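Only one structure is covered here, and it is reproduced in the block below.
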4 protein chains.
Amino acid sequence: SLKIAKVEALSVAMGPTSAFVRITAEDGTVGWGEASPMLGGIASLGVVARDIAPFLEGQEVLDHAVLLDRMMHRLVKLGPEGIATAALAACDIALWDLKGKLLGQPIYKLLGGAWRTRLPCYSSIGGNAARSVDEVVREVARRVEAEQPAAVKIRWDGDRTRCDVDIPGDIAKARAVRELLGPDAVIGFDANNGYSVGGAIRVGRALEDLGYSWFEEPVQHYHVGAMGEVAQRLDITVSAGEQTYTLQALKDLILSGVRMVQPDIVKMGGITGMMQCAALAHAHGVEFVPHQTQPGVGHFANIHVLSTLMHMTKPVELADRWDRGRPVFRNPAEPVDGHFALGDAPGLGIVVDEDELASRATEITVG
Amino acid sequence: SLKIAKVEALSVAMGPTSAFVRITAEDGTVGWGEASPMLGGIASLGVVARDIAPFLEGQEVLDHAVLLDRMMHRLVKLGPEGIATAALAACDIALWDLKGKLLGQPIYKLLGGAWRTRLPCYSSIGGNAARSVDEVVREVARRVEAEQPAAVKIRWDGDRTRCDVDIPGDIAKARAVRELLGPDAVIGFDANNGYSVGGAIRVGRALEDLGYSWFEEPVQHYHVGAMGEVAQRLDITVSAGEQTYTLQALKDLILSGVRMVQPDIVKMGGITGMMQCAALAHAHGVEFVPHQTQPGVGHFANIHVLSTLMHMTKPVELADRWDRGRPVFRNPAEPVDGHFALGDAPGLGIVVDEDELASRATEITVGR
Amino acid sequence: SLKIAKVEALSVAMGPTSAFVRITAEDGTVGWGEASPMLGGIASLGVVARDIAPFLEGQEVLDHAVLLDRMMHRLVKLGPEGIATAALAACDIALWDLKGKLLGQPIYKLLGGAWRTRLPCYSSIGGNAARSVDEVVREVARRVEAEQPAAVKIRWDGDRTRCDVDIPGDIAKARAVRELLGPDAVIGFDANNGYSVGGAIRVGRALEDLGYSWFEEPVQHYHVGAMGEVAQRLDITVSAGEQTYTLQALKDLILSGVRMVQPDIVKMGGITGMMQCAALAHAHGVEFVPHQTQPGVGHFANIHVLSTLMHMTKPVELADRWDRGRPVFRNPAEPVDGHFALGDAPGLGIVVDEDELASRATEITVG
Amino acid sequence: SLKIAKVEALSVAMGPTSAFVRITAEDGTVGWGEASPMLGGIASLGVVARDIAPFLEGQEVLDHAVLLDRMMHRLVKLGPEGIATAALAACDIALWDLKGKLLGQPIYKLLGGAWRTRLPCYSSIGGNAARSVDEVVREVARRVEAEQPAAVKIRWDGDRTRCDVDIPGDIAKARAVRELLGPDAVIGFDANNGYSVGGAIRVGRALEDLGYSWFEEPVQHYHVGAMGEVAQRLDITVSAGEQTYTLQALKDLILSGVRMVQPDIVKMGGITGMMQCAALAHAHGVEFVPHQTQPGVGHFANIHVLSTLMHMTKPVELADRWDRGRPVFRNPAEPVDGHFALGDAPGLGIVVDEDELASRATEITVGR
Ligand SMILES: [Ca+2]
Ligand SMILES: [Ca+2]
Ligand SMILES: [Ca+2]
Ligand SMILES: [Ca+2]
Ligand SMILES: [Ca+2]
Ligand SMILES: [Ca+2]
Ligand SMILES: [Ca+2]
Ligand SMILES: [Ca+2]
Ligand SMILES: [Ca+2]
Ligand SMILES: [Ca+2]
Ligand SMILES: [Ca+2]
Ligand SMILES: [Ca+2]
Ligand SMILES: [Cl-]
């Protein structure tokens with residue numbers, strides 16, 4: 001029985017900062033986890049340091065599901081969504097990494113097999129609310145040349161205190177990207193919560209005219225009713241879930257009318273949680289298309305899960321500035337011929353440059 | 001890594017025949033699975049032999065989920081409910097046994113650990129449609145004495161071509177068993193599809209009056225709309241799912257109104273599928289209380305899954321003539337202090353007597 | 001009172017293998033049944049041999065409905081869907097054949113009359129996922145010339161472990177078949193479960209643009225909710241049911257939102273069951289358009305039932321390689337001027353070459 | 001006009017630690033807010049210090065609603081349920097205190113006036129899962145004697161990893177407390193998420209038999225569909241909302257079937273947010289009965305809002321160990337003749353002992 005000796009919560013400067021969890025077992029082997037670095041992930045890290053670490057230390061790696069579910073019911077009044085679920089997700093991923101090393105198996109081999117070990121990417125391109133038409137086109141062309149993606153998603157990342165800011169301008173941007181990519185290109189559009197119901201419908205119809213494949217988070221994530229209503233009113237596939245943090249809330253998103261869900265493995269659930277979400281998606285007949293923006297640990301957890309997904313429909317997300325995986329990681333997310341290559345090393349198979357890490361890492365400690 | 005060398009479909013005389021799948025890996029290690037022995041499980045074993053074995057042999061043990069999902073989609077036009085899903089469940093269990101033996105762990109330790117390793121049981125007591133009141137009472141007394149269960153479920157096992165056969169008699173039986181067990185005892189009533197909607201409600205109300213805790217399969221299982229309607233109209237917890245064989249059908253059962261679901265690990269899914277069922281149950285806030293009537297391989301697969309269920313609300317089912325686990329098995333289901341004790345042997349932890357097995361087993365092969 | 005002397009379960013090499021049931025009455029007259037030959041129908045045949053045959057032997061032909069309903073409640077834990085319902089369907093059809101011969105009447109004469117004895121066919125053309133555009137066109141033209149059908153259906157028969165494989169390619173194939181057939185041609189599109197909800201909607205709209213009449217099984221058959229949702233969201237008629245095996249499940253398909261149902265007479269119900277399905281369809285106001293892929297016994301059972309259908313809307317299915325009806329059958333499904341001619345011989349009116357049968361038949365027996 | 005000079009996040013030892021926000025304006029006036037002290041409120045205070053303070057400092061006190069709505073949308077990917085919403089609630093309360101001090105008015109007089117300035121209380125009595133029957137009874141007797149409340153609520157505070165733990169025992173406890181208090185007493189039962197759907201119904205019916213007035217959080221809060229289903233299936237008023245942290249989630253809770261909602265002013269919204277919640281409650285015709293367990297700042301914010309509620313149907317919650325309000329506060333929650341007396345001091349009207357505070361307080365700063 002392999003025991004957890006130590007749990008460390010680490011804020012790490014990259015390439016912006018990331019939030020990692022390093023769990024050292026009693027035998028000296030090491031597991032890596034990642035929490036969504038929202039405002040640096042500092043809050044999630046504190047929670048790991050103050051609440052999760054003292055509980056997990058002395059306990060057994062293979063009890064990971066029971067340990068973390070119990071931890072979540074202990075942290076439930078912390079939300080738990082967002083900060084607590086990222087903290088838990090991070091620890092889940094670190095324990096799976098440790099589990100894979102203890103058992104001598106890559107994670108997908110512990111999960112019942114991969115349908116594929118080469119997974120198509122899609123270029124996820126943010127910051128388009130602030131760009132001119134021509135800057136949007138330039139950035140798309142620049143990333144498409146470098147990544148050879150199977151699809152492209154243009155995200156707005158606008159100011160969520162404002163609604164329906166520039167509908168004609170957003171449509172003009174989507175038009176110009178369609179003209180750039182040609183008529184057969186698979187294109188997604190991420191509104192980042194930019195629209196009212198009426199505004200989302202107006203944009204969706206224009207996206208339908210331009211042949212777009214999906215329409216991501218058209219309304220505020222807290223209007224679940226409206227999200228599903230827009231989903232059911234439009235032909236273009238409305239997608240949401242990256243700001244959904246529980247299995248039950250995911251269930252409710254589906255019931256609202258969403259047919260493509262996107263929970264994130266470092267925002268919630270970790271490997272265990274995400275496998276549960278995939279089963280729920282398959283039970284209801286909805287597409288499962290995870291949100292993932294981190295080039296190292298999160299990406300590896302993401303692709304282990306996705307290799308197990310039978311009815312994979314869209315490609316793996318490749319977000320902006322993935323080059324920031326270096327130099328902390330030696331093998332971070334990097335597409336070859338438009339695909340991610342999943343290897344067979346035990347655990348995650350993430351390779352960490354330990355001396356670069358330490359020079360860039362700051363431990364978050366009880367306080 | 002490790003390859004599947006050989007898959008055998010085995011009809012085995014017990015104690016009535018059971019239907020087992022033995023999978024041998026290329027290093028000679030052996031995994032055991034079981035299909036629900038409906039009409040002997042012969043049809044399911046046939047499907048294992050003709051369709052599943054030739055595909056599985058030469059493949060990777062650890063690829064169990066991909067392999068069996070692929071196999072289900074090849075076998076889809078066989079139903080696949082019942083025969084086919086039981087056949088895939090048997091293989092899934094066998095591969096998990098192997099997986100656990102290869103990896104050096106009990107199944108529950110591959111599933112993230114256990115909430116408990118001592119699981120309370122309930123006495124599942126059938127054939128009460130054909131019994132008189134005193135015979136019902138005598139049998140409940142007998143088994144409660146032997147098993148000290150946490151709950152009792154009396155099942156009817158009536159003739160499904162007939163409806164609303166003896167409502168007053170059924171009620172008097174429920175009443176007699178309440179008098180016997182006392183005001184505090186947890187009692188369930190399994191109609192085994194015996195009632196119409198109206199008959200179900202009438203009986204349900206009478207069960208509520210007697211403090212019964214759940215009401216199992218009040219109507220024909222194929223009336224999913226009615227099953228959920230009855231569940232939402234009553235106070236007593238209506239349960240169903242033993243004759244539900246896919247994840248999606250489980251979701252439909254839940255959407256219809258059912259709040260206690262009972263899929264069976266040797267009828268569908270095996271370990272992989274049941275863990276997905278458990279997750280769907282947890283997503284929708286419904287009780288997960290599996291059906292299980294086999295004392296050996298099926299029982300063991302069942303308790304591994306149930307050890308990992310956080311919000312277990314009802315005990316482990318312990319069905320009639322569980323004594324038949326011997327002599328084929330050396331450690332089959334056996335309650336001590338009203339509990340099943342989960343152990344930590346690699347894989348299932350089930351121990352087979354090869355000698356007894358060889359003398360009891362008929363291989364189902366291609367061309368029988 | 002005519003008694004059942006013998007029930008035989010027969011695996012038969014055709015023209016692939018079929019699964020027949022031969023019931024011999026005590027007077028020596030013979031009835032023929034067919035079970036859907038899924039993986040040869042071997043499993044259904046075993047079930048007939050082990051479970052159904054010993055029960056039916058010694059019993060009376062005219063008790064067919066009571067006998068088989070009782071048999072289904074005895075076999076219910078076998079599913080009963082798929083394997084058991086095909087086994088039961090086969091025996092139902094053989095008993096109706098025997099019933100028609102005993103009474104001296106064609107089956108449609110026992111069912112209350114035919115609206116027509118000449119029934120239009122439609123060419124049902126599979127294997128289009130694996131073909132190039134040009135091979136799809138070639139095969140359609142080849143079959144349309146030979147069959148003079150009232151409609152054409154192109155089926156994909158793709159790999160159900162994969163979802164949304166080639167949407168632009170499938171649409172290109174549907175376009176080219178529309179161009180080949182002209183603007184007035186009645187064309188159906190069988191997705192064989194190839195799409196997600198979003199994918200099915202995308203394809204359906206393109207099929208709507210190309211004037212297609214129906215859209216068959218767009219999503220996995222086990223996503224009944226999604227099937228009906230797509231049905232209600234689209235203008236093109238979504239159809240399903242060939243993978244529905246009970247009256248109650250059919251009822252649920254209808255409630256989900258499907259408005260065209262396609263149960264198969266050798267997969268389920270037989271003549272008795274299908275007559276019940278037709279009544280349910282008529283009660284709910286949905287089209288009844290049975291799936292049928294077998295050129296002999298199944299086809300004859302199908303057309304007896306369909307001659308009774310008042311509001312027939314689509315033609316009779318004529319699937320690939322119907323020529324395999326010969327030489328076991330002397331009068332198998334063969335269109336003349338685009339129509340099937342239903343004759344007045346008692347029972348099914350199927351004519352069996354008994355010596356070809358025996359040379360090609362293998363009995364499945366208790367074991 | 002008046003600017004925010006400084007925001008401090010304070011962890012304060014009471015009587016168990018509370019989590020307070022002190023906002024000082026540029027004229028040296030001071031406003032007090034409180035975040036729900038979940039696991040000490042340390043995470044919420046961290047968020048105040050790192051994320052909210054640098055933004056608020058230099059801004060206008062009277063811009064509270066715009067400022068905190070803007071702040072919530074910047075902090076949205078922290079949840080924001082729980083930690084973040086409690087942190088924004090604390091700031092909202094502090095700014096209202098300041099607003100009231102600046103304007104020379106009590107908060108309720110800025111909110112349009114009060115229906116009443118004497119508010120009845122109810123005794124909220126926790127930890128009854130772990131108690132024996134006699135211990136439950138003794139504690140209800142003790143507090144009812146000391147507090148003379150208008151109602152009593154007995155809460156369970158059970159282990160949320162466990163479900164349907166002791167239904168008969170729970171019922172016997174409810175029964176014993178009814179015998180103690182008499183036929184007329186208003187009694188609520190707080191399951192603290194202890195039951196499945198079926199277990200909730202079973203308990204609900206038993207509570208209806210005993211004339212209980214409401215049934216609080218029968219199921220896991222994350223099962224919103226089940227919570228509403230249970231609410232619509234029972235007669236006894238099912239209440240929830242204490243673990244609901246946004247306005248929209250409150251609306252979903254109401255749509256699910258719940259007709260009594262209980263958001264908490266120091267968990268979410270603060271004064272601004274709660275008044276919006278009250279309005280949504282009034283739009284949908286549901287009871288508005290906030291959760292509140294803190295004796296000082298939170299209590300005061302709570303009674304200001306509740307003074308303005310036209311159709312108040314249930315009393316003000318008075319939770320365990322309210323005595324811990326002293327010595328940090330000079331006038332914390334204290335029932336007289338079963339009532340809380342709302343006064344007319346500018347702002348909250350809460351009086352802090354700076355001396356005790358300084359000796360009890362740890363500032364949570366950037367880099368601790
Ligand atoms: Ca241990
Ligand atoms: Ca430590
Ligand atoms: Ca996004
Ligand atoms: Ca072999
Ligand atoms: Ca049962
Ligand atoms: Ca042995
Ligand atoms: Ca007779
Ligand atoms: Ca015979
Ligand atoms: Ca078809
Ligand atoms: Ca400052
Ligand atoms: Ca409470
Ligand atoms: Ca003072
Ligand atoms: Cl009622």
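A note on labels: chains of the structure tokens are A, B, ... as shown, every chain counts residues from 1, and ligands are counted from 1 in their shown order.
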Quiz item: Given a cut-off of 8 Å, which residues of chain D touch chain B, counting only C-alpha atoms, written out as a count of residues only?
Solution: 14
Practice problem: Throw together the list of residues within 9 Å of ligand 12, counting only C-alpha atoms and all ligand atoms, and drop it here as a ChimeraX atom specification. | Solution: /D:329-330,351-355
Quiz item: What's the 10 Å shell around residue A:24, counting only C-alpha atoms, without same-chain residues fewer than 4 positions away, as a list in words?
Solution: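 Returned residues: residues 3, 4, 5, 6, 7, 8, 28, 29, 30, 31, 32, 57, 94, 95 and 98 of chain A.
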Just to be explicit: take each residue in the selection above, keep C-alpha atoms, and write the result as a compact mmCIF listing (two decimals), in the first residue's frame.
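out-v9.txt, written as the output of this step:
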# COMPACT_ATOMS: atom_id res chain seq x y z
CA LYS A 3 1.20 6.09 1.12
CA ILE A 4 1.08 9.79 0.39
CA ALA A 5 4.05 11.41 2.15
CA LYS A 6 3.68 14.99 0.99
CA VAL A 7 1.33 17.36 -0.82
CA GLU A 8 2.72 20.62 -2.24
CA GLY A 28 9.73 8.98 -3.42
CA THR A 29 7.71 8.72 -6.62
CA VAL A 30 5.98 11.94 -7.70
CA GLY A 31 2.56 12.86 -9.14
CA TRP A 32 1.71 16.15 -10.86
CA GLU A 57 -0.95 13.02 3.95
CA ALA A 94 -1.67 14.14 -9.21
CA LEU A 95 -3.02 10.91 -7.62
CA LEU A 98 1.07 8.48 -8.97
Exercise. Mind checking which residues fall within 7 Å of residue C:267, counting only C-alpha atoms, ignoring those fewer than 6 positions away in the same chain, and posting them as a PyMOL selection string?
Key: chain C and resi 35-36+82+85-86+89+245
Practice problem: Throw together the list of residues within 12 Å of ligand 2, counting only C-alpha atoms and all ligand atoms, and drop it here as a ChimeraX atom specification. | Solution: /A:4-9,22-25,48-58,363-366
Quiz item: Pick from A:149, A:198, A:16, A:285: nearest to chain C, with only C-alpha atoms counted?
Solution: A:285
Quiz item: Of the candidates C:77, C:289, C:225, C:315, which shows the shortest atom-to-atom distance to ligand 5, using only C-alpha atoms and all ligand atoms?
Solution: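 The shortest atom-to-atom distance to ligand 5 comes from C:77.
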Practice problem: Name the residues of stretch 60-92 of chain C that fall into helix (DSSP H, G or I) according to DSSP on the backbone, using the chain letters and numbers of this document, as a PyMOL selection string. | Solution: chain C and resi 61-78+83-92
Practice problem: Using DSSP on the backbone, list every residue of stretch 211-333 of chain D that comes out as strand (DSSP E or B), and give them as a ChimeraX atom specification. | Solution: /D:214-216,237-240,260-261,287-288,316-318,329
Quiz prompt | Close residues, residue C:294 itself excluded, 8 Å, only C-alpha atoms, min 4 positions apart in chain, as a VMD selection string | solution = chain C and resid 298 to 299 319 322 325
Selected residues written out with C-alpha atoms, as an mmCIF file, in the first residue's frame:
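Output file result01.cif is given in full below:
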data_model
loop_
_atom_site.group_PDB
_atom_site.id
_atom_site.type_symbol
_atom_site.label_atom_id
_atom_site.label_comp_id
_atom_site.auth_asym_id
_atom_site.auth_seq_id
_atom_site.Cartn_x
_atom_site.Cartn_y
_atom_site.Cartn_z
ATOM 1 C CA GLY C 298 -39.928 -11.744 -44.752
ATOM 2 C CA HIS C 299 -40.861 -9.867 -47.947
ATOM 3 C CA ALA C 319 -32.805 -3.912 -50.245
ATOM 4 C CA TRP C 322 -32.455 -9.315 -53.516
ATOM 5 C CA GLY C 325 -33.873 -15.113 -53.050
#
Using only C-alpha atoms and all ligand atoms, find each residue with an atom at most 10 Å away from ligand 11 and format the answer as a PDB file with C-alpha atoms, in the first residue's frame.
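The resulting pocket01.pdb:
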ATOM      1  CA  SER D 124     -31.856  27.119  15.487  1.00  0.00           C
ATOM      2  CA  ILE D 125     -30.504  24.082  17.348  1.00  0.00           C
ATOM      3  CA  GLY D 126     -27.809  21.959  15.641  1.00  0.00           C
ATOM      4  CA  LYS D 153     -35.776  24.421  14.275  1.00  0.00           C
ATOM      5  CA  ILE D 154     -33.806  21.270  15.131  1.00  0.00           C
ATOM      6  CA  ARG D 155     -30.932  20.638  12.730  1.00  0.00           C
ATOM      7  CA  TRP D 156     -29.011  17.419  12.164  1.00  0.00           C
ATOM      8  CA  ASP D 157     -25.520  18.442  10.898  1.00  0.00           C
ATOM      9  CA  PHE D 189     -36.707  20.125  10.907  1.00  0.00           C
ATOM     10  CA  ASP D 190     -33.400  20.646   9.171  1.00  0.00           C
ATOM     11  CA  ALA D 191     -32.156  17.452   7.545  1.00  0.00           C
ATOM     12  CA  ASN D 192     -28.909  19.177   6.438  1.00  0.00           C
ATOM     13  CA  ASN D 193     -28.888  17.198   3.190  1.00  0.00           C
ATOM     14  CA  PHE D 215     -38.565  20.727   6.268  1.00  0.00           C
ATOM     15  CA  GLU D 216     -35.161  22.210   5.497  1.00  0.00           C
ATOM     16  CA  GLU D 217     -32.681  20.823   2.934  1.00  0.00           C
ATOM     17  CA  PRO D 218     -34.108  17.299   2.805  1.00  0.00           C
ATOM     18  CA  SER D 239     -37.065  24.984   2.297  1.00  0.00           C
ATOM     19  CA  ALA D 240     -33.615  25.400   0.697  1.00  0.00           C
ATOM     20  CA  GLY D 241     -31.326  28.150  -0.533  1.00  0.00           C
ATOM     21  CA  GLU D 242     -28.631  28.509   2.119  1.00  0.00           C
ATOM     22  CA  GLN D 243     -26.217  26.862  -0.338  1.00  0.00           C
ATOM     23  CA  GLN D 262     -33.171  30.849   2.390  1.00  0.00           C
ATOM     24  CA  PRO D 290     -32.896  33.835   5.062  1.00  0.00           C
ATOM     25  CA  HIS D 291     -30.253  31.616   6.612  1.00  0.00           C
ATOM     26  CA  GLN D 292     -28.065  33.336   9.205  1.00  0.00           C
ATOM     27  CA  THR D 293     -25.748  31.917  11.835  1.00  0.00           C
ATOM     28  CA  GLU D 317     -32.821  32.532  12.624  1.00  0.00           C
ATOM     29  CA  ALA D 319     -28.158  29.799  15.687  1.00  0.00           C
TER      30      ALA D 319
END
Practice problem: Kindly work out which residues sit at most 10 Å from ligand 4, using only C-alpha atoms and all ligand atoms, and give the list as a list in words. | Solution: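 Answer in the requested format: residues 5, 6, 7, 8, 49, 50, 52, 53, 54, 55, 56, 57, 58, 365 and 366 of chain B.
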Where does chain C meet chain B within 6 Å, residue by residue, with the nearest atom pair and distance in Å to one decimal for each, counting only C-alpha atoms, listed by chain and rising number, as JSON lines?
{"residue": "C:78", "atom": "CA", "partner": "B:82", "partner_atom": "CA", "distance": 4.8}
{"residue": "C:79", "atom": "CA", "partner": "B:82", "partner_atom": "CA", "distance": 3.9}
{"residue": "C:81", "atom": "CA", "partner": "B:79", "partner_atom": "CA", "distance": 5.1}
{"residue": "C:82", "atom": "CA", "partner": "B:79", "partner_atom": "CA", "distance": 3.8}
{"residue": "C:83", "atom": "CA", "partner": "B:78", "partner_atom": "CA", "distance": 5.2}
{"residue": "C:367", "atom": "CA", "partner": "B:368", "partner_atom": "CA", "distance": 5.9}
For the residues selected in the previous step, produce a file with N, CA and C atoms as a CSV table (one decimal), in the first residue's frame.
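result-v4.csv was written with the following content:
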chain,number,residue,atom,x,y,z
C,78,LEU,N,-34.7,-13.0,-21.6
C,78,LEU,CA,-33.7,-13.0,-22.7
C,78,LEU,C,-33.6,-11.7,-23.4
C,79,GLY,N,-34.3,-10.6,-22.9
C,79,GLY,CA,-34.3,-9.3,-23.5
C,79,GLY,C,-35.7,-8.7,-23.4
C,81,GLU,N,-35.7,-8.2,-26.6
C,81,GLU,CA,-35.5,-7.5,-27.9
C,81,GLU,C,-34.4,-8.1,-28.7
C,82,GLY,N,-34.6,-8.0,-30.1
C,82,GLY,CA,-33.5,-8.5,-31.0
C,82,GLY,C,-33.6,-10.0,-31.2
C,83,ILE,N,-32.8,-10.8,-30.4
C,83,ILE,CA,-32.7,-12.2,-30.6
C,83,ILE,C,-34.0,-13.0,-30.3
C,367,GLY,N,-29.1,-28.0,-27.8
C,367,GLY,CA,-27.7,-28.2,-27.4
C,367,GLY,C,-27.3,-26.8,-26.7
Self-check item: Check: which chain A residues lie within 7 Å of chain C using only C-alpha atoms, as an NGL selection string
Solution: :A and (235 or 237 or 259 or 285 or 287 or 310-313)
Quiz item: Quick one: distance from atom CA of residue D:341 to atom CA of residue D:121 in Å, one decimal?
Solution: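 A separation of 10.4 Å between them.
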